[PDB]
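Student: One structure coming up, written as structure tokens, with questions to follow.
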Amino acid sequence: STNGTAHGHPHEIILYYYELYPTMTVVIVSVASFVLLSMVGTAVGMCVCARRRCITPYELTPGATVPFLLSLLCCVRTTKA
Amino acid sequence: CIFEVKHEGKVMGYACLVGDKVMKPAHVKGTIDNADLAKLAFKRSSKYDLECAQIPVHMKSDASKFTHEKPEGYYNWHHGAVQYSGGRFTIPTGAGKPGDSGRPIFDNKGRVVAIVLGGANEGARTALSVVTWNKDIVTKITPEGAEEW
Amino acid sequence: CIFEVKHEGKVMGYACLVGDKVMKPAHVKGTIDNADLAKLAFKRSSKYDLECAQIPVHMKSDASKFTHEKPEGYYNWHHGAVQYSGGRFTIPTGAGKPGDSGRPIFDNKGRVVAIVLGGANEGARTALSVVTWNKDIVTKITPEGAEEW
Amino acid sequence: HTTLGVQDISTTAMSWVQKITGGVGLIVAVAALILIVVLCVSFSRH
């Protein structure tokens, strides 16, 4: 019965759920959530690294700005004033 | 230019208005005993044991210069005369004690030349561990075996 | 070389004949109190808060040359002596009020060195916000918290 | 007959989308390490 079409794109992807199932999709969703967490963790780490770069230049005087802008954004926005 | 850091109503160290920043050693506990200065946002720097911020426009006239220019000879500081030579500031051992960090070493024209952080005792004289300006950028000279004041 | 901008019969700022142009701060309300100058066509420039035009041939002999050359020391202005140092012009607070914009800061040889736009009060002294010449090009220095006069 | 645990196909297509995610994570991890390396260079320079 229930037709488990291929795609596409995705669409027909969720159709398979009906075919062999209870489960399947939930586990995939959990995996997606884990991937999102990894993506979020990376971003958080990147922002902390961006601070690590901006450090030194935090004390302090003529010398960027410049950096700035090249600056990721934050650089710049301290640079102010 | 010199302002005192107080902690539980007790002077711990000092803060100084050098260049266009407001300095005070990072290790000093307390808060600058000056409204305008106390409410500022300082940027700590554990390498230099420094903790600077920017001087409010209404006090910028109160800063003390600075300068990279420091020829061998004698410099001035609160306890007397510092001696510079061989790329090292020194003083008669005993004339500098814990609680002297933050105190500037002026020259004869008033330009701040370095800021004391501590000193290493090497007998008759103690080699100071200071924060000094290079060509343009800040630097920190710490003699072997310094005792952070 | 100096001419006054009047508004509803009241002096608001000034206009100056520098180089081969006729200057007056853009923010100043009124019209130059001089027939020849008033009927001119000015080109506004909001970045520089400047508003220049060209000096009529019959007044070109009346212009004032300017200069980028400004060594630390004292300069001259209508209310007294301005002080230059640390890349900042200052004066005793109170000696400059709203309605002083446009007034030039001459040196001892008469060369206009900067043109006052306003000032920031930083206590005893006020850091002026001026229009000054660089290597060749115009520039504007505005101390933190300036009050546009 | 057949009924078994994947994964399987729908393969290809599935890989197309999967390949898009995680690469950027590797990039920012490498960049983080490189920033640390440069920081250590500065520390050595001082």
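Here, each number is a calculation from the coordinates, and none is a lab measurement. For neighbour counting, all protein chains shown are included, and Cβ atoms are generated from backbone atoms with ideal geometry for every residue, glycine included.
Student: When you look at residue B:92, is it of a type outside the set (A, V, I, L, M, F, W, C) and touching a helix residue (DSSP H, G or I) at 6+ places or on another chain (Cβ under 6 Å), yes or no?
Tutor: On the way: of a type outside the set (A, V, I, L, M, F, W, C): yes; touching a helix residue (DSSP H, G or I) at 6+ places or on another chain (Cβ under 6 Å): no.
When the stated conditions are applied, residue B:92 does not pass them.
Student: Restricting to the stretch C:4-15, name every residue that is surrounded by 21 or more Cβ atoms within 10 Å (Cβ to Cβ) and of a type outside the set (A, V, I, L, M).
Tutor: If the condition is that a residue be surrounded by 21 or more Cβ atoms within 10 Å (Cβ to Cβ) and of a type outside the set (A, V, I, L, M), then C:13, C:14 are the ones that fit.
Student: Okay, moving on. Within the stretch D:1-15, how many residues turn out to be more than 15 Å from the chain's Cα centre (by Cα) and either hydroxyl-bearing (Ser, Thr, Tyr) or surrounded by 10 or more Cβ atoms within 10 Å (Cβ to Cβ) (or both)?
Tutor: Counting residues in the stretch D:1-15 that are more than 15 Å from the chain's Cα centre (by Cα) and either hydroxyl-bearing (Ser, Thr, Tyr) or surrounded by 10 or more Cβ atoms within 10 Å (Cβ to Cβ) (or both) gives 8.
Student: Criterion first (at the interface with chain A (Cβ under 9 Å from one of its Cβ atoms) and within 20 Å of residue A:25 (Cβ to Cβ)) does residue D:29 satisfy it?
Tutor: Details: at the interface with chain A (Cβ under 9 Å from one of its Cβ atoms): yes; within 20 Å of residue A:25 (Cβ to Cβ): no.
The answer is no for residue D:29.
Student: Related question: Out of all the residues in the stretch C:127-149, which are polar (S, T, N, Q) and either at the interface with chain B (Cβ under 10 Å from one of its Cβ atoms) or surrounded by fewer than 19 Cβ atoms within 10 Å (Cβ to Cβ) (or both)?
Tutor: Hits for the stretch C:127-149 are C:134, C:139, C:142.
Student: Give all pairs with beta carbons closer than 8 Å in which a residue from the stretch A:3-14 that is within 9 Å of another protein chain (Cβ to nearest Cβ) meets a residue that is of a type outside the set (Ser, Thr, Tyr) and assigned to a loop (DSSP other than H, G, I, E, B); count only pairs at least 6 apart in sequence or on separate chains.
Tutor: Listed by first residue and then by second, the contacts come to A:12/A:4; A:12/A:6; A:13/A:6; A:13/A:7.
Student: Residue under question is residue C:10, and the condition is that it be in contact with a strand residue (DSSP E or B) (Cβ under 7 Å, 6 or more places away or on another chain) and not polar (S, T, N, Q); does it hold?
Tutor: no
Student: Look through the stretch B:25-42, keep the residues that are touching a helix residue (DSSP H, G or I) at 6+ places or on another chain (Cβ under 9 Å) and surrounded by 20 or more Cβ atoms within 10 Å (Cβ to Cβ), and return whichever of them is farthest from residue C:143 (Cα to Cα).
Tutor: B:32
Student: Oh, and also: I'm checking my understanding of the structure. Among residues of the stretch C:17-32 that are touching a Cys at 6+ places or on another chain (Cβ under 6 Å) and part of a strand (DSSP E or B), which one is nearest to residue C:56 (Cα to Cα)?
Tutor: C:21
Student: On to the next question. So which residues in the stretch B:43-58 are surrounded by fewer than 20 Cβ atoms within 10 Å (Cβ to Cβ), facing another protein chain (nearest Cβ under 8 Å), assigned to a strand (DSSP E or B) and not hydroxyl-bearing (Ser, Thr, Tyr), if there are any at all?
Tutor: Within the stretch B:43-58, B:43, B:54 qualify.
Student: If I ask for residues that are more than 16 Å from the chain's Cα centre (by Cα) and within 16 Å of residue B:55 (Cα to Cα), which ones from the stretch C:127-149 would you list?
Tutor: Those that are more than 16 Å from the chain's Cα centre (by Cα) and within 16 Å of residue B:55 (Cα to Cα): C:144, C:145.
Per-residue answers, yes or no, for (1) closer than 30 Å to residue A:5 by Cα; (2) not β-branched (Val, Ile, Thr):
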| position | (1), (2) |
| --- | --- |
| D:1 | yes, yes |
| D:6 | yes, no |
| D:9 | yes, no |
| D:12 | yes, no |
| D:17 | yes, no |
| D:24 | no, no |
| D:28 | no, no |
| D:33 | no, yes |
| D:39 | no, yes |
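Student: Restricting to the stretch D:16-26, and then to whatever is surrounded by 10 or more Cβ atoms within 10 Å (Cβ to Cβ) and more than 21 Å from residue A:14 (Cα to Cα), can you tell me which residue is nearest to the other protein chains (Cβ to nearest Cβ)?
Tutor: Checking each candidate, the answer is D:25.
Student: Let me ask another. Of everything in the stretch A:57-72, what is assigned to a helix (DSSP H, G or I) and surrounded by 15 or more Cβ atoms within 10 Å (Cβ to Cβ)? Give them in sequence order.
Tutor: Selection gives A:57 alone.
Student: Can you pull out the residues in the stretch B:4-34 that are within 14 Å of chain C (Cβ to nearest Cβ) and more than 26 Å from residue C:89 (Cβ to Cβ)?
Tutor: Residue satisfying the conditions is B:34 alone.
Student: Return the pair list, or none, for Cβ contacts closer than 8 Å from residues in the stretch A:52-81 that are among the small types (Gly, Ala, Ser) to residues that are assigned to a helix (DSSP H, G or I), at least 6 apart or on different chains.
Tutor: Within 8 Å, the pairs are A:63/A:57; A:64/A:57.
Student: Which condition does residue D:42 not pass, out of (1) among the small types (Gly, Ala, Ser); (2) farther than 25 Å from residue A:33 by Cβ; (3) more than 10 Å from chain A (Cβ to nearest Cβ), if it passes all the others?
Tutor: (3)
Student: Further, regarding this structure: Checking the structure you have, find out if any residue of the stretch A:46-69 is more than 14 Å from chain B (Cβ to nearest Cβ), within 17 Å of the chain's Cα centre (by Cα) and within 30 Å of residue D:4 (Cα to Cα).
Tutor: Checked the stretch A:46-69: no residue is more than 14 Å from chain B (Cβ to nearest Cβ), within 17 Å of the chain's Cα centre (by Cα) and within 30 Å of residue D:4 (Cα to Cα).
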